[PDB]
Amino acid sequence: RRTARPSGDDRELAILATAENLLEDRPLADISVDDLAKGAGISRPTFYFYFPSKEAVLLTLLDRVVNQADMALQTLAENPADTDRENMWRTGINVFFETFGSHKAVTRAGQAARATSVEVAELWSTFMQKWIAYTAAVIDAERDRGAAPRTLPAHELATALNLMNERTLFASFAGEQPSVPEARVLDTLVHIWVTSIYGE
Amino acid sequence: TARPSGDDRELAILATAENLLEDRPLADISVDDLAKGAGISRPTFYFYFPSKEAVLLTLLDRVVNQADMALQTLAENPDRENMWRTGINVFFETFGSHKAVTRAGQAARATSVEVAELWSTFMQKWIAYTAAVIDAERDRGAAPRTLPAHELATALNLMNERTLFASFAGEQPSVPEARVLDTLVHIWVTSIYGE
Ligand SMILES: O=C(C1CCN(c2nnc(-n3cccc3)s2)CC1)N1CCC(Cc2ccccc2)CC1
């Protein structure tokens with residue numbers, strides 16, 4: 001037996017979408033459970049049949065965005081096209097440009113929660129480690145086929161490149177200064193990846 | 001020379017703070033700990049600093065300026081790969097010799113507008129410097145004209161900010177600290193001279 005809950009799942013989804021909307025204008029501290037309940041069309045007691053706190057709502061939101069990026073990247077890893085090397089790295093990076101770039105408010109809220117929440121910190125750290133291991137393995141496969149030279153240890157080169165994308169894409173999304181303009185940040189990272197993976 | 005301009009108590013306050021941030025964040029440091037390290041009563045502290053946050057901002061002002069003037073010294077008295085290595089190694093060595101203040105300064109960026117503006121100001125200045133050197137290396141024909149120089153400069157300087165911090169904080173993921181400078185030099189040099 002499997003317990004399908006179309007109605008409970010749909011309302012959970014409306015709470016999550018309500019939170020994501022509110023985060024575009026206000027930090028999580030300025031959002032109340034009543035704002036969440038009212039956005040989701042339920043009473044405030046009813047909210048607690050779906051989440052225990054507004055922090056659990058944000059943790060679920062970050063779960064959703066991080067796993068959407070992870071799954072999109074894994075989808076690329078299992079369906080390799082007949083394409084050039086620059087396009088390979090560009091579509092991989094664009095997974096993160098497009099996923100987090102379409103969820104800017106949740107991304108900003110997650111970064112801010114990284115210092116106060118161990119779950120968020122360990123969530124982000126877990127997925128960075130996996131994406132770095134994946135990058136390292138693609139770098140090594142490019143070395144094995146003779147397409148990239150054996151320079152730095154793959155995992156170290158992978159770590160610095162993925163940390164660059166983290167800092168740089170966030171600076172673009174959050175409109176920080178300094179930042180690369182959002183319309184130019186993909187080309188910028190792709191160039192640095194491709195030159196440093198294939199050059200000596 | 002590099003001596004803090006105040007008397008011995010101002011030095012003692014700053015060094016006690018820097019020492020204690022080695023194992024505790026600033027919230028776990030009291031004004032009393034700072035005053036005790038300088039040998040003064042608690043109210044006497046406020047003849048030197050208005051708050052313990054002011055002490056951390058002054059310590060980070062010293063680190064950031066020590067970095068900027070070691071780099072401006074490089075600019076006055078000059079192979080391409082080693083030029084970038086010595087410039088990156090200014091930050092590896094400066095912030096690597098103040099890991100406690102660097103890590104406390106990073107945490108204070110979220111809560112202090114002075115700290116965030118301080119960091120953003122010198123990052124802009126350091127990125128402009130990188131961008132000018134890239135432009136001079138293109139005008140003499142040594143580097144290809146690929147990305148806009150200021151945009152390539154920004155990502156590499158943000159790379160270093162986030163990668164050196166991860167090494168110095170022992171984060172996972174991070175590059176081991178004995179290997180971080182070669183890693184960043186290689187990426188800087190391939191991306192600045194590659195087509
Ligand atoms: O991590 C990122 C993005 C994510 C979005 N960003 C964030 N900034 N703060 C955030 N935060 C804090 C708490 C919650 C979220 S997320 C900026 C960058 N990466 C990994 C590196 C790279 C991955 C890759 C691997 C293999 C092949 C191609 C590409 C592509 C980009």
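Okay, here's what the table says:
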item: Among residues of the stretch A:89-114, those that are within 7 Å of the ligand (Cβ to nearest atom) and not in a helix (DSSP H, G or I), counted; result: 1
item: Hits in the stretch A:182-200 (condition: among the β-branched types (V, I, T) and more than 7 Å from every other protein chain (Cβ to nearest Cβ)); result: A:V185, A:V190, A:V194, A:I197
item: Odd one out for A:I15 among (1) within 22 Å of the chain's Cα centre (by Cα); (2) aliphatic (A, V, I, L, M); (3) closer than 30 Å to A:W193 by Cα; result: (3)
item: Test for B:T102: is it crowded, with 18+ Cβ neighbours inside 10 Å, of a type in the set (S, T, N, Q) and more than 13 Å from every other protein chain (Cβ to nearest Cβ); result: yes
item: Hey, B:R179 surrounded by fewer than 21 Cβ atoms within 10 Å (Cβ to Cβ) and either within 19 Å of A:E200 (Cα to Cα) or away from every other protein chain (no Cβ under 11 Å) (or both) or not; result: yes
item: Residues (within 26 Å of B:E161 (Cβ to Cβ), over 13 Å from the mean Cα position of the chain (by Cα) and not basic (K, R)) located in the stretch B:46-57; result: B:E53, B:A54, B:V55, B:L56
item: Residue match in the stretch A:129-151 (condition: closer than 21 Å to A:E24 by Cα, touching a helix residue (DSSP H, G or I) at 6+ places or on another chain (Cβ under 6 Å) and near the ligand (Cβ under 10 Å from one of its atoms)); result: no
item: Residue list for the stretch B:142-176, restricted to those being part of a loop (DSSP other than H, G, I, E, B) and within 8 Å of chain A (Cβ to nearest Cβ); result: B:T146, B:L147, B:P148, B:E171, B:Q172, B:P173, B:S174, B:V175, B:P176
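Rule-based calculations on the coordinates, nothing more; no lab input. No Cβ is skipped: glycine too gets one built from the backbone with ideal geometry, and neighbour counts run over all protein chains shown.
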